[PDB]
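Scroll down for the structure; my scribbles are underneath it.
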Amino acid sequence: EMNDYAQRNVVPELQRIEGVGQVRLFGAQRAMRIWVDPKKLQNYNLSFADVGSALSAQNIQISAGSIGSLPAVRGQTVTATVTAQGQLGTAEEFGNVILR
Amino acid sequence: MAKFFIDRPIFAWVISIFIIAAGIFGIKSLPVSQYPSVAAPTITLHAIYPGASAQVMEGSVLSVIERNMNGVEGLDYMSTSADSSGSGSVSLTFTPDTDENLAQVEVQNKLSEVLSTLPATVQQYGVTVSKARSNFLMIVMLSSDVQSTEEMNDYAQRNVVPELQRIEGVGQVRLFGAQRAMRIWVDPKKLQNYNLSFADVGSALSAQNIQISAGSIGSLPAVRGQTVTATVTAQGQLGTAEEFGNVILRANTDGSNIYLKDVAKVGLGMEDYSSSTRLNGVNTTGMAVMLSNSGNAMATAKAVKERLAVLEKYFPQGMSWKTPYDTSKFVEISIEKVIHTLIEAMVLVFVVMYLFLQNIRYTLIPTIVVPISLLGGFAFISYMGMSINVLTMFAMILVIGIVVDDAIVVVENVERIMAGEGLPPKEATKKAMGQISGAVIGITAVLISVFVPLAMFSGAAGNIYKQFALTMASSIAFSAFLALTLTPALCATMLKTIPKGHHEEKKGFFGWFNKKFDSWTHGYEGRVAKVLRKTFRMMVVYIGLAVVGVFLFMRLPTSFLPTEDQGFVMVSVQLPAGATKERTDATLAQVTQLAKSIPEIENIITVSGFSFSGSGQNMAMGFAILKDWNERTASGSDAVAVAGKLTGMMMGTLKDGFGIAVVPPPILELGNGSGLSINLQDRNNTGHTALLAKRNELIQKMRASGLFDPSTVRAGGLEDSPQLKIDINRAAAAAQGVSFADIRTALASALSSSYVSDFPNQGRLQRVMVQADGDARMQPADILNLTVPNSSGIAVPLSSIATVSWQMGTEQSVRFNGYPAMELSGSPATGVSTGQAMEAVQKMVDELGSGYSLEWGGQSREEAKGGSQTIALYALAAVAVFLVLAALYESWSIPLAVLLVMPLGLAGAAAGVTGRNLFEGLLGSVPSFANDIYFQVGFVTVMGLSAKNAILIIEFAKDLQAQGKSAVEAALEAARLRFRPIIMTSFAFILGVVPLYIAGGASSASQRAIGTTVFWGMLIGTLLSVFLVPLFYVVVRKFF
Amino acid sequence: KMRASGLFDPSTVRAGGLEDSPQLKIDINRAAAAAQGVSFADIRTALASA
Amino acid sequence: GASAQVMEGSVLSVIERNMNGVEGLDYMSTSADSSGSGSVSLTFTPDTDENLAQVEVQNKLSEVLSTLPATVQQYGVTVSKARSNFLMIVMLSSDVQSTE
Amino acid sequence: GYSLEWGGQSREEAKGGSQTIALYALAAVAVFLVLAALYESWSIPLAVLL
């Protein structure tokens, strides 16, 4: 938690000083680590490439667009931007990633 | 020097010739513009990503770009801005004294490795690295009334743009509009009828529309016996819409394959259809000709107009160029004003010298001395790498009296010695030079010591003051060197020997003028002798005048540059959220019909879909450009009255939306009128509603419990908008045959556009874009779900899985220094400085919880610094002038006698601007005079000239005491000897600034602000100095 | 007209550019490609891998 | 896969027409053969350092990198501020092996 | 419409055509100004320019 708070609030604030060239944080920031048991992949006949394809296909930003764009017909009045989340940000959501 | 240059007139004449030649070579090698390099290096990116909201674009590109733009040498601050259009801008502002090219290539080298983790959509359009600091020369408009916007844009890009940026002087031409592209208007009903989609259409557009590299017959590893080598050309790329209409999508087993002309609509169009430009109601393109550094602006505009006439000789039926706004005409009127005041100053100096010195051979001396000093000042301008602009010419206007004053006071002493002693002009000029050589050396050193700390500030005001300092100090030094060398030769060779008794025994008009001037001098000497007895009452009334001058100076408002008329008024139309382009165009047509009913407005430029306060489908802007200054010579003809009448007509006629009409200020980098901006940042990254609640709490605390003019304080960003968010249920998709990439591809193909490949269109290469059908995407009902991963699979639409419902979401995202922020606006309403308002808003943001900070941006960063740059430098300049006077007079107390004319100019200038404000407040508009840059430099010039007069009086009084005279007697003879040249240079300066007092037209506000300041300062300073300087000498001689 | 004039000696005044050579030109007929059943990816790969 | 017409018209033309505005530049000379290899030669004024000109060329080049085709953005535009004449020709000779 | 341009040494040789008379006039007026400064006469340096 302190290494994640240092990378987001302490490191980019003190590296804008005239003279500072490198800020080497002894540690690492936050990431989502998935520890896979290889003995369970032999039972369900799965591989790491299937997990990678399921993580690349189900976790992506969905940029839909807008309703009533600028090349419109004569008569359009209401314009509303469509926003789709379509993304994962918690561990209990990442636990339900569909493989097969 | 003075004894050496009198017996050798050619030795000074050739030095004057060298200074003339250096000034000519400097004038012929100076850049011409209107405003100098005031700005800091600023880098703008302008990334493109169509079909996205503000938060998605922010979390996609802005957080990845801004997290790696740290460590660059000289970075001051950074900000990112995004909206719902699809274009985000990252403004990186650097520190001064930093090279902008190295900073720009450092941002480019950082973006070269930032771009590797960017998505594939922003890599096709590319993220450029540009600079915000750019010049501005001309605007070229093209109206045809028979063609469209895209055809005129293509004609300008093919025949006008490559011919305008090839001449000398033009730096960069930027078009205002989208280029041509191949739009494929695809109907999804034919796709779901023929069981197609958009992915196969994009794959076909990437597959058939492609370039082939076939190689060459007879390569280098050849066989024994080959003689002929030939290359193979295989052109398999489409370039016609009829060729694009026959793109095979899927071939059947029997025949009749699916084309692109039966399930879609292929045709030429624009790229985004966002921005439009109109001039008086017709279709009009846009070109912003930007000047380059070290170039000319007067000849460049004439060359652009000649090239436009050559192109108009080959224009088609309808098209005609028209330039509504030009900045090159801003500088020819200034040079014309400089030449006009120079000619008028020569005329008045000739008139005064013919009235006083009663001859014509004396008048030839300053008319040679002054232009060589002007050329030496121009040579010192060109040596330091400066340029010619409005501030340089205003400083050359303000230095006119200073370079004639040393020419007058030398020849006055020469004529006085020749009339008194009857000597030949050689010995008389030698005696006058031995009298006043050290005096003019001390005057020159005092003027240099005054004008040096003006060029020592930091910021925009320092960049403004540096031009005035480096012009006026150089002109003073060159005029002093000319008065030391060349002027004794002109008084020695050109002058005639005065006749004893017969000269100064006039008959005619003058003898009466000589008798009246002698009676006035006797009355002035009697008044001085009456003043020189009661020293205590005169001292306490001088102390009272000094403290009331400090009191009148302290109660003045502050400014940097006052606003002035430029010839155009900027208007902005802001419709409510959820508005299309048809209501925006109707309101802009109403704005045009309102602006056509005003006789002051000449043209009107109308821009739809783009504004300075955020771009969108409802924002719009306009520029109402007025007529010339000759036909607008009235009371209600300035841009402020036109803006007020336009606001009053917009509030009464424009029903849909609201539109404000404000005058454009001076230089944007100097935000005079921004007040106090607050960027309320968040550190813990809570959300958007908590930051909005905190911004509302700050607004309510600054309105009800504040003094920040509560009628005008508001959020200076953009309000929220209703949206059409969805919630894709993964549990319903996992229990059915619904994947996740198919919904993404369906939404990105329906509600947004796609860029697949390029195609050649008459030499150049343009884009090919698929936008499906426009009519289908009108209602919020979206039913397109498909793609079961084993078949076509039409099972259920996006009704139970999507759960479409309306929401309220923001349409703008602004981040400051990595953290998101909200833009505010303050105002120092009623006589309150910003130094306590900053502490008040600091306490208001400190009394909240931990995790909410602030950051002053724009103009408030220079006012955030302490006040140790004006008072300390002024005290150092004053003590350095004191030490120069102690070196001159060989004493310590008499420099304190000279230093008592310094509050007199401040008191006179403050009383003059207060009288002008109270005179214009009862008979006109709001007083627009304050403690700006022009008032300060006028106070500096009247301080220098009053100090010069005081040094001359003190040097004339000090040498008369060594011959067995007292203090009051030497002061009386010094006043009697110096009554004439002081009133001579005062009459010359006042008659020179009389046209500067009532000047009207282009840039007339700055001319009035310098003119009334130097007028009242010179008047009150002379009328107090000629009665107080012998009193100061007397009360110092006895006091010590 | 620059040669054989007395000021410029012959056999040394030539052009400084590469002269034009006869090249091979391929015109793809998409109508026969649609009627016979060959896509554009096959001819492109053949011409780029030959 | 380009001739001498579209290569100098789509790649070298925009670079030549947008390279104007740089101070010191006296003349330009672009050349493109039939093998698809362009060469823009920018000649400056004498008495002027290459340190500022070499970064102003890269500043005026990166603005037109987005309107360039996607093929020339992968190979990039190489900047070589070298002379054209030859100083020395080092010849290596051996009678025991081939020249490769 | 058919205009010519030079290259390399020819550009410098074409640029150094009008420099000679201007250089001679500048050297002559420099000698004139220096000898008028030193010997304090206008008639002295006119006999040196001959």
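Protein chains in written order, with the entry's author numbering: chain U, 151 to 250; chain V, 1 to 1040; chain C, 701 to 750; chain A, 51 to 150; chain L, 851 to 900. The beta-carbon is built from N, C-alpha and C at its ideal position, and this holds for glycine as well.
| Asked | Found |
| --- | --- |
| Rounded straight-line distance, which links the Cα of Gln-435 of chain V to that of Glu-890 of chain V | 16 Å |
| Three-way DSSP call (helix, strand, coil) for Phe-759 of chain V in this model | strand |
| Any C-beta of chain V under 9 Å from that of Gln-172 of chain U | yes |
| The alpha helix (DSSP H) enclosing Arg-67 of chain A, as first and last residue numbers | 62-68 |
| Within chain L, partners of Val-14 of chain V - CB distance below 7 Å | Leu-883, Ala-886, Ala-887 |
| Length-filtered (4 minimum) alpha helix (DSSP H) runs lying within the stretch 89-121 of chain V | 100-114 |
| Residue closest to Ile-1010 of chain V, alpha-carbon to alpha-carbon, out of V:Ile-258, V:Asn-618, V:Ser-276, V:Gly-912 | V:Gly-912 |
| Cβ of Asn-817 of chain V within 9 Å of any chain C Cβ | no |
| Distance between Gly-88 of chain A and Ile-726 of chain V (C-alpha atoms, nearest Å) | 51 Å |
| Three CB pairs or more closer than 8 Å across the stretch 603-615 of chain V and the stretch 260-279 of chain V | yes |
| Boundaries (first-last residue) of the beta strand (DSSP E) holding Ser-276 of chain V | 276-279 |
| Collapsed DSSP secondary structure at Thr-341 of chain V in the structure displayed | helix |
| Own chain, CB closer than 8 Å to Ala-880 of chain V, minus 5 neighbours either side, in chain order | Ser-449 |
| Residue from U:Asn-159, U:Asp-200, U:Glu-151 whose Cα sits closest to the Cα of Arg-67 of chain V | U:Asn-159 |
| Neighbouring residues, chain C, relative to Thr-233 of chain V (Cβ below 8 Å) | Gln-723, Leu-724, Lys-725, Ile-726 |
| Distance between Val-263 of chain V and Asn-252 of chain V (C-alpha atoms, nearest Å) | 16 Å |
| Rounded separation between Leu-883 of chain L and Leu-30 of chain V - CA only | 26 Å |
| Simplified DSSP state of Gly-215 of chain U, which is helix, strand or coil | strand |
| Separation of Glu-669 of chain V from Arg-861 of chain V, as counted between CA atoms | 12 Å |
| CB contact below 9 Å: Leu-102 of chain V versus chain A | yes |
| The stretch 257-275 of chain V: positions lying closer than 8 Å to chain C by Cβ | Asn-257 |
| Chain V contacts from the stretch 192-223 of chain U (Cβ-Cβ distance under 8 Å) | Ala-207, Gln-208, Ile-210, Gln-211, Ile-212, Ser-213, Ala-214, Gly-215, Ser-216, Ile-217, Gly-218, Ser-219, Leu-220, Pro-221, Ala-222, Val-223 |
| Distance, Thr-93 of chain V Cα to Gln-108 of chain V Cα | 15 Å |
| Contact list for the stretch 59-88 of chain A against chain V, Cβ threshold 7 Å | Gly-59, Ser-60, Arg-67, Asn-70, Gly-71, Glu-73, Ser-84 |
| Own chain partners of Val-266 of chain V with C-beta closer than 8 Å, once the 5 adjacent residues on each side are dropped | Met-182, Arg-183, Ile-184, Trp-185, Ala-241, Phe-244, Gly-245, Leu-260 |
| First through last residue of the beta strand (DSSP E) which encompasses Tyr-77 of chain V | 75-83 |
| Contact set between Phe-740 of chain V and chain U, taken where Cβ atoms lie within less than 7 Å | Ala-207, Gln-208 |
| C-alpha gap between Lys-645 of chain V and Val-662 of chain V, whole angstroms | 11 Å |
| Contact the stretch 750-763 of chain V vs the stretch 2-11 of chain V: 3+ CB pairs below 8 Å | no |
| Any non-hydrogen atom of the ligand ADP within 8 Å of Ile-1010 of chain V CB | Only the bare structure without any ligand can be found here, which leaves the ligand ADP out of the picture. |
| Cβ neighbours of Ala-395 of chain V in the same chain (closer than 7 Å, five flanking residues each side left out) | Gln-467, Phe-468, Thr-471, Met-472 |
| Contact set for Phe-380 of chain V: own chain, Cβ-Cβ below 6 Å, skip 5 residues either direction | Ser-474 |
| The stretch 782-790 of chain V contacting the stretch 740-748 of chain V, beta-carbon criterion three pairs below 8 Å | yes |
| Within-9 Å CB hit, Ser-891 of chain L to chain V | yes |
| Whole-Å CB distance - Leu-594 of chain V paired with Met-649 of chain V, under 8 Å assumed | 5 Å |
| Residue interval of the alpha helix (DSSP H) (run including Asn-153 of chain V) | 149-155 |
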